[PDB]
Amino acid sequence: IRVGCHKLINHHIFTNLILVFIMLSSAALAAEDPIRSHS
């Protein structure tokens, strides 16, 4: 069956946790040091 995953996908809780993981990922990307590669 392929019904037990749709509720988890479209749940209100699961649409506001990944939206902050992506913000943290972008922030971590923005904090990279361009000069010091081995730092």
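FYI, the numbering for the sequence shown is 875 to 913, going by the deposited numbering. We put the CB at the ideal spot given by N, CA and C, even for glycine.
Among the residues of its own chain, which have a CB less than 7 Å from the CB of residue i, if the five just before and after it don't count?
| i | result |
| --- | --- |
| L893 | none |
Using the three-state DSSP reduction, which class does residue i fall into: helix, strand or coil?
| i | result |
| --- | --- |
| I909 | coil |
| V877 | coil |
| residue 915 | As shown, the chain starts at 875 and ends at 913. That puts residue 915 outside it, with no answer to give. |
Tell me which residues share the same chain as residue i and place their Cβ nearer than 8 Å to its Cβ, disregarding the 5 neighbours each side in the sequence.
| i | result |
| --- | --- |
| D907 | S913 |
| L898 | none |
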